[PDB]
Number of protein chains: 4
Amino acid sequence: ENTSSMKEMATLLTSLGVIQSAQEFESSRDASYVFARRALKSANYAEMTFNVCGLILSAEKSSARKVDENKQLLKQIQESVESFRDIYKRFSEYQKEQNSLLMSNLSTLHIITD
Amino acid sequence: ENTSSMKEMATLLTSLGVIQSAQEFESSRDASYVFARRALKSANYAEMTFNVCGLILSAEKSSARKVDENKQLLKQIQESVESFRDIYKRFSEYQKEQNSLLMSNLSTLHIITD
Amino acid sequence: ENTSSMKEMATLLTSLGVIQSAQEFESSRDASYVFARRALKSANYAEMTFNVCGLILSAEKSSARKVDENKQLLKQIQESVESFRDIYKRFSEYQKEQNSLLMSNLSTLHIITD
Amino acid sequence: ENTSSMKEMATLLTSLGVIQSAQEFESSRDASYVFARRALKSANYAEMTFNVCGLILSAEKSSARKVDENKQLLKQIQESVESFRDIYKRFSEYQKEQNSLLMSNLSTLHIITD
Ligand code: EMC
Ligand code: EMC
Ligand code: EMC
Ligand code: EMC
Ligand SMILES: [Ca+2]
């Protein structure tokens, strides 16, 4: 409906450091930005409110995806540390075993206790 | 009040990749989406503003829950690494002990210093 | 201005699982909820818009604090793993040393190479 | 347009603990707060809606950056644990080797099996 405000928004978001370049604001296929553009090019309160509703849901969903990416990384770290501990447990147990086998092998060299 | 816009929103959210299927938008028991639907089917600014308020609080709460899930995972990883370190400490100390017991057992084979 | 909608919101947020009990909605000193209540008890668009602005900034800030809590936990885990690695490095090096001291002590028992 | 509400907001955000000091609200170069101030000093619904749109996008972007900071920390922890495991694997293998070399060196002291 009107590219004036869309233009001013792109410039302002860039100057504020929210986006790296204006072309990025407009154009972008990002749900949040799509709804924002549609909101700026709205001329009636039914389109505007519709588009703001869409902007809020898009924002919520994109943030949720990023938090879920972190959750997956945490799950990988958790299982990795768990696997590590159990490899360490198996090894330590083996080592304690080797130690006693070694001390016993060394008992066959004693002059006393036989 | 009006399923037209609700219908257009479901389609748009799907096409934008915000949701995987439209039926998911409508129907869903998600607080954010419940308020969004109620907001679209509003015909007066008192219901609309009421529903937008609810949408923002629902969004904040759902994001907070996801961030809290990550926090719990971090606490589990932290205690797990701590437990691991202390198992390693106990083991290393035991090993250093076994070493000296071994070197001493080997001193009973020296021809000198006795 | 009007406790009717505040009442309906508390009930709805509870039924939707956003909050655990209605008394919690009203009353709560949470910035987001304070502004939400003020927004519901608004009767003019100047108070309403003022209160919605406050609600969005409060939401952003509370989410930022929770994400920062996770960041602190991550920093503690990172330094903990780093400390652990270096304790392991020091120990392994010590062990490799003990090994060669042991093999050499065992060379004083050879019948050949002397 | 009007510093009255901007003034009341700064005071309220401070009293609610959202910000630590009022001067911080006004002044701040934070995109979210810039748009909030512009929203309060709006006198027409075209500027207001413009500024609220900007506030929501700024909020989304700042939260996304913080979540991305956590993501980077998680990647560093993941690779760190992976590197650690593999140093442990290499060492354990070396140790098991030293053990058998030791047991064999000890077989040259047997009175039987030769
Ligand atoms: C008026 C925002 Hg759906
Ligand atoms: C006008 C959004 Hg409570
Ligand atoms: C009209 C929300 Hg500051
Ligand atoms: C009316 C918020 Hg862009
Ligand atoms: Ca996180």
# chains A, B, ... in the order shown; residues from 1 in each chain; ligands from 1

call {"tool": "interface_residues", "arguments": {"of": "chain C", "to": "chain D", "cutoff": "7 Å", "atoms": "only C-alpha atoms", "output": "ChimeraX atom specification"}}
result
/C:31,50,53,58,60-61,64,67,71,74,78,85

call {"tool": "atom_distance", "arguments": {"atom1": "atom 2 (C, counted along the ligand's line) of ligand 3", "atom2": "atom CA of residue 54 of chain C"}}
result
8.2 Å

call {"tool": "closest_residue", "arguments": {"among": "C:103, C:110, C:68, C:89", "to": "ligand 5", "atoms": "only C-alpha atoms and all ligand atoms"}}
result
C:68
